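Chain by chain, the residues:
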Protein chains: 2
Amino acid sequence: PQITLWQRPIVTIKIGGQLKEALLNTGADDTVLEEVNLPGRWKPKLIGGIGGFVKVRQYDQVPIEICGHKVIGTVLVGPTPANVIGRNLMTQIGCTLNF
Amino acid sequence: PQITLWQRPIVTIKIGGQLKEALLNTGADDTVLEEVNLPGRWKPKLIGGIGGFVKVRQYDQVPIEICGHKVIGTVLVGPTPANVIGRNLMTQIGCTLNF
Ligand SMILES: Cc1cccc(C)c1OCC(=O)N[C@@H](Cc1ccccc1)[C@@H](O)C[C@H](Cc1ccccc1)NC(=O)[C@H](C(C)C)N1CCCNC1=O
């Protein structure tokens, strides 16, 4: 699956059992998903900080699938304008930039 | 040239007969650059997704070169803690995402 960017690269991930929309952001380095509940333990983490850091939850080693791409990776949780895949999960599904 | 993402995709471009470094951002619809005179006319444009827009200048059909691919597209110039290469140009040079 190769993906021109003429349209914004939104994909469907399966995560938490449930399925959701997300954006493959090479510009984003960590992965935030709108509010979701996941099991077991986590540790707080700040991100953003242009005008404040938002505080979110850090879950590590989480099962997620992206495009039949079953992967497992660190996944922040809490407020987000929208689900965002970042470089953290992309490397583990093996995404590259290609021209 | 295939750019894994363990790292921020920061490539050098040559816009303006100057040389800049800039980040490869599929998360970004446009290409915004840190002020840099350019000839030509301009339209004002707003960007920024929250607590205000950002006003900045739109130029069109500009010559830039990205990792040695020379190409033509709209580029926005003004206030951004960072150069940003967003999809507009990535299509132009024919970069994709793969996995
Ligand atoms: C949390 C969240 C949920 C949903 C959607 C969005 C847009 C959300 O995140 C906010 C955010 O800054 N997202 C970025 C990626 C992101 C999200 C979470 C963790 C890490 C990164 C990116 O996409 C947009 C954002 C906008 C920007 C903010 C400040 C000044 C100018 C531009 N751009 C930037 O931050 C980039 C950085 C990351 C190299 N940026 C900074 C310097 C100048 N130019 C530039 O392009």
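Below is a summary of the structure that appears in this document. (Residues numbered from 1 in each chain as written, not as in the entry; some residues may be left out. Chains lettered and ligands numbered in written order. Heavy atoms only, no water.)

1. Side note on the relation of the copies chain B and chain A
Next, step 1: With an RMSD of 0.6 Å, the fit of chain B onto chain A corresponds to turning through 180° and sliding 0.0 Å along the axis. Such values leave the two copies arranged in the relation of a two-fold axis. Relative to the rotation axis, the closest C-alpha in chain B is found at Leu-97 of chain B, a distance of 2.4 Å.
Next, step 2: Taken as a fraction of all interface residues of chain B, those also at the interface in chain A reach 100%, which identifies the copy contact as same-surface. (Least-squares fit on C-alpha atoms. Contact = heavy atoms within 4.5 Å.)

2. What about the pattern of salt bridges?
Next, step 1: What the rule picks out here adds up to nine salt bridges over all chains.
Next, step 2: Here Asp-30 of chain A and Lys-45 of chain A are joined by a salt bridge, their closest N and O atoms 3.9 Å apart. Of this pair, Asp-30 of chain A sits in the loop between β3 (18-24) and β4 (32-33) while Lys-45 of chain A sits in strand β5 (residues 43-48); the two residues are 15 residues apart in sequence, bridging distant segments of the chain.
Next, step 3: Among the ionic pairs, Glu-65 of chain B bridges to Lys-70 of chain B, the shortest N-O distance being 3.9 Å.
Next, step 4: For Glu-65 of chain B, a relative accessible area of 27% corresponds to the partly exposed category.
Next, step 5: Using a relative accessible area of 64% as the deciding quantity, one classes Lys-70 of chain B as exposed. (Salt bridge = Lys/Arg side-chain N within 4 Å of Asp/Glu carboxyl O. Helix = DSSP H or I, 4+ residues; strand = E, 2+ residues; numbered from the N terminus. Buried < 20%, exposed > 50% of the residue type's maximum accessible area, 1.4 Å probe, protein only.)

3. A few points about the packing of aromatic side chains
Next, step 1: For the structure shown, the criterion picks out zero aromatic pairs over all chains.
Next, step 2: Stacked on the ring of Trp-42 of chain B, the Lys or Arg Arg-57 of chain B has its end atom at 5.4 Å from the ring centre. (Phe/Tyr/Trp six-rings, centres within 6.5 Å; stacked < 30°, edge-to-face > 60°. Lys NZ or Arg CZ within 6 Å of the ring centre and 35° of its normal.)

4. Quick word on the sheet that holds strand β1 (residues 2-3) of chain B
Next, step 1: The strand order across the open sheet formed by four strands is β1(A)-β11(B)-β9(A)-β1(B), and the pairing between neighbours is antiparallel. Where the open sheet ends on each side, the last strands, each with one partner, are β1 (2-4) of chain A together with β1 of chain B.
Next, step 2: Pairing of strand β9 (residues 96-98) of chain A with β1 of chain B involves two bridges; the strand directions are antiparallel. Across the sheet, residue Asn-98 of chain A finds its bridge partner in β1 of chain B, namely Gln-2 of chain B. (Pairing = 2+ DSSP bridges.)

5. Quick notes on the side chain of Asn-83 of chain B
All names here are of chain B.
Next, step 1: Among the structural elements, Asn-83 can be located in the loop between β9 (75-77) and β10 (84-85).
Next, step 2: Exposure remark for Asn-83: the relative accessible area of 13% places this residue in the buried category.
Next, step 3: A distance of 2.9 Å separates a polar side-chain atom of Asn-83 from the backbone nitrogen of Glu-34.
Next, step 4: Not counting chain neighbours up to four residues away, the residues in contact with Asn-83 comprise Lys-20, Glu-21, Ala-22, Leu-23, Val-32, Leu-33 and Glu-34. (Polar contact = N/O pair within 3.5 Å; in protein donor to acceptor, adjacent residues only side chain to side chain.)

6. A few points about the interface of chain B and chain A
Next, step 1: On the side of chain A, 28 residues touch chain B, which itself brings 28 residues to the contact.
Next, step 2: Both faces considered, chain B and chain A share a buried interface measuring about 2900 Å² in area, 63% of it formed by carbon and sulfur atoms.
Next, step 3: Of all residues in chain B, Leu-5, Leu-97 and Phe-99 of chain B give up the largest surface area on contact with chain A, accounting jointly for 31% of the area buried on that side.
Next, step 4: Taken together, chain B and chain A are joined by two salt bridges.
Next, step 5: Note that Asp-29 of chain B is salt-bridged to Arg-8 of chain A, the shortest N-O span being 3.5 Å.
Next, step 6: The interface formed by chain B and chain A holds 15 residue pairs in polar contact in total.
Next, step 7: Elements with a minimum of two residues in the side of chain B that touches chain A: β1, β3 (20-24), α1 (87-93) and β11 (96-98) of chain B.
Next, step 8: With five residues, α1 of chain B is the largest single contributor of residues to the side of chain B that touches chain A. (Buried area = accessible area lost by both parts, 1.4 Å probe.)

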